[PDB]
Each structure stands twice: as C-alpha cells, then as structure tokens.
Amino acid sequence: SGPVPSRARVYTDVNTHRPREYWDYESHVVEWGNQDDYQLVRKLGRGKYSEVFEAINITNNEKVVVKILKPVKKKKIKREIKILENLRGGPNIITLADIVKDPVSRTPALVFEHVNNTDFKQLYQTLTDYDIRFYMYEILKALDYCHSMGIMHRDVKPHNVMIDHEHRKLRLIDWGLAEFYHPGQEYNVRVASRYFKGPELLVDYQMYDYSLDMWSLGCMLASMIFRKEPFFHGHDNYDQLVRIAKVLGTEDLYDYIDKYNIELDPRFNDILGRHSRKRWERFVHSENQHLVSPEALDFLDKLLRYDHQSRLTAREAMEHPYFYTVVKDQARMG
Ligand SMILES: O=C(O)c1ccc(-c2oc3c(Br)cc(Br)cc3c(=O)c2O)cc1
Ligand SMILES: [Cl-]
Ligand SMILES: [Cl-]
Ligand SMILES: [Cl-]
C-alpha cells in the first residue's frame, strides 16, 4: 500500500506561513555583483577544499573568501544562494557577502566572510571534554536556526564545520545540498556523505525532514567522544546500514521499516540478518575515557535512533543535561 506519510515534529509549516518568494528559489532573480571588485590572493583549505580562495575586496580593502562553483544546474545555484540569503545573520551561519560571475566564462562564484579555521577533522588531539560539549552546542544553535527558518542542511559533517579555536567561534558551511522543508514533499535520498547518512536515506525513505541533520550530528558526536573516525565506517551503501545495525541492533530497524511500510530489496534483508544491540558502553576504552560521561551516552542514544520522528529536535538537544554547565557558563560570560 506504499510508504506511510511522515511530517516534521517541529517547524512543520514554517515555509507555508511565509510568502511564496521566501522558498520558491526557481523564481528568484539573482542580482549578480561585480567580479572586478575582488582579487584572489591565495588558495585556502590546504588541499581539502577545492576552488576556495582568500580574496580582497578592493572597494574597502576587506579580506574575504571566494568559492568558485562547480558546473551544476542553474536551479541548484539559485537554491544555495536563496538559502544563504534567507539565513544571513543567523547564529553560526556562514555569511554570504556577494555573488559574482566571470565576464567571459560565465563561471559563478560565492563571496563569504573571512573566518579563521582550525580544521574540525584535525582537532581532537587538543579537544577536552568541555570543548566537545561547547562546540556541539554551537552547531545546535545553527541547526535550530536553519530548521526554524524551514531549511534542512542535509550535509552535516566535520568538513563542513569551520572552527576558530582561538576565539572559540564556529560556522556551519556548504549549503549546496540544503533544501526547504515542505510537509508531504518527497526528497532525494542521494544526499550527505556515506558515513553521516541517516537510516531513512539508506532504506530510500523520501519523506524525511529536519531530523536527518540530527542523525548526522549524532555520528559526529560518536566519532569525537569514542575516538573512532568515522564511527559508522561503511564500505558501500548497503554496508553502511549493516554497520549501523551491528550497533543499534536489527530489532529496532525492522520495527522502523514496518512502521512506515518501507519495502527493501529482498537480498537486503538477508544481508542485514540478525544483530543484537550493543550498549554504548562497549565502545569506551582507556584512551577515550576522559571524553565519555553518563549524560554524553544518554544524549548520543537519543540522537542515533532509526525512527527519525523519535530523534531529539535541536532545541530538545540544547536542553539535554549534556550541555547543562555549558549553558550556565555561556549565559554569564557571553
Ligand atoms: O559554503 C561554502 O562552501 C564555504 C566554503 C568555505 C568557506 C571558508 O573557508 C575557509 C577555509 Br577552507 C580556510 C580558511 Br583559513 C578560512 C575560510 C573561510 O573564512 C571561509 O568562509 C566558507 C563557506
Ligand atoms: Cl531534493
Ligand atoms: Cl564500523
Ligand atoms: Cl530541529
């Protein structure tokens, strides 16, 4: 009888209550700036980021960052720009300063604010227990904000989290896969990187929502406190679900599948087989001991749920005891 419909628990009708021009990016007329205002200085990313440059705005001598976009469809260009513009000014969202196009090649490029970067993938050797809690909370600020603005990021991972550890600042970047949430809409499941894909993507359930981002966040958290990168290390798309199943157990997976009347490939059921749930305690060793706590484990348990509707919202997450002291400390110092 086909899959059972699903709706976001929160922020369900955000885009519905806003004017059409807010979310209808296909009708958005892009107002391009002048590329001549910007001169490229050098390459950024140290070999991990393509077509990202430090640049200078010669109209005010301000240092900026330029990302040159890969040849995708015009529709996806409008989408990213529209979303960045709608989210501009939000807490811990990267700030789009301008958009330009090359005179002759007509190659589009985004101009961002300049922020220092100690790569999140290279920062776990000097990251204490409090540090992980702090930065996780900052990520949640961004996710709660964009969700409340009717937007799913759909590509949450360490690579897309820029961290300036000196000033303890954080920015969520690369909104190229982001989309607007509309209740009842079916979305493409070919999003996110394999290690951070939620179960809904891996079983081809298209009517997902903001909670997708919360799974990805759980994967990041698991990786950092257990010192295992990535935590769910699938070698292909089937193996990704298998390795999730080896931790969460197959019992809750099949219940999830039945709940939304999802139909898997016949061979997939044989592949998944039968696995018991591992207690989160079993991934703790003497070298990740100092990053693990009862509240950390409880928090992780409530993010990594098969059922996307059962996962904590960003706001629910921010009020979890895992952040109790972090919240108190931030509220009296800044
Ligand atoms: O939306 C994007 O795809 C997107 C990519 C890179 C930056 C981006 O990257 C930096 C890197 Br990589 C190194 C250093 Br140092 C600084 C930045 C920076 O300030 C900055 O905005 C921002 C946004
Ligand atoms: Cl989509
Ligand atoms: Cl694994
Ligand atoms: Cl949320």
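Because only heavy atoms are used, hydrogens play no part in the values below, and waters and symmetry mates are left out as well, while side chains stay in. The residues of the chain are indexed from 1 along the displayed sequence. Read the numbers this way: they start at 1 and go in the same order the structure lists the ligands and their atoms.
In this structure, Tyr145 contributes its side chain and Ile93 its backbone to no donor-acceptor pair below 3.5 Å. Between the side chain of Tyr187 and the backbone N or O of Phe180 there is at least one donor-acceptor pair closer than 3.5 Å.
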For this session: Could you walk me through whether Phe299 and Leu312 pass the side chain to side chain contact (heavy atoms under 4.5 Å, CB included) test, one step at a time?
Result: CA-CA 9 Å; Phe299 178 49; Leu312 296 174; 3.9 Å; yes
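Proximity of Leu140 to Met214: side-chain heavy atoms (C-beta onward) are separated by under 4.5 Å at one or more points.
By the 4.0 Å N-to-carboxylate-O rule, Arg79 lies close enough to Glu179 to be salt-bridged with it.
Among protein residues, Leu44, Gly45, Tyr49, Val65, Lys67, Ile94, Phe112, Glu113, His114, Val115, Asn117, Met162, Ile173, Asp174 come within 4.0 Å of ligand 1, judged on heavy atoms.
Classification of the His308-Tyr256 ring pair by plane angle, with boundaries at 30° and 60°, yields perpendicular.
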